[PDB]
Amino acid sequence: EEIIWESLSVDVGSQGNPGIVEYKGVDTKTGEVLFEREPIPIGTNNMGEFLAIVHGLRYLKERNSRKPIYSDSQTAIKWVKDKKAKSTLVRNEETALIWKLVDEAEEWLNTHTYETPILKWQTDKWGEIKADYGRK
């Protein structure tokens, strides 16, 4: 089982969990940063991993790219497959922004199609995903 180098890798970064959430997508081969989301003041790790995949799908579709996406998040891969982010984060005024983005990402999934394979990055075999923030 080998890395598919012609791919997009995504990952969340956070300050606290729940805490400040950001995410980015990179070229798996070169590490070039292709997109980065502006920090969101409160969210969870899994909400951010979910948003990163959905943004990757939107990014690749806009560019007519058939590359797969790698994520290290078992949870977020499932949530994208299900088109449903099963987060436990409370809804209040401080979490309104992240929940709006997650709701809108689900809505996009329910109104668009894609063939993009969403693949598990095998951290145990390959080390940290290329989009990692280097914070652990």
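Numbers for residues come from their place in the sequence shown, where the first is 1.
Exercise for review: Could you check which stretch, 108 to 116 or 122 to 130, carries the larger mean CA temperature factor in the entry?
Suggested key: Higher mean C-alpha B-factor: 122 to 130.
**Study point:** Stretch with the greater mean C-alpha B-factor as recorded in the entry, comparing 47 to 55 against 84 to 92
**Key:** Mean B over CA atoms: larger for 84 to 92.
Point to revise | Among 61, 78, 67, 29 - the residue whose C-alpha B-factor is largest in the record | key: Highest CA B-factor of the listed options: 29.
Exercise for review: Sorting the chain's modelled residues by C-alpha B-factor, tell me whether residue 16 ends up in the lowest, middle or highest third.
Suggested key: Its C-alpha B-factor, which the entry lists for residue 16, ranks in the highest third among residues of this chain.
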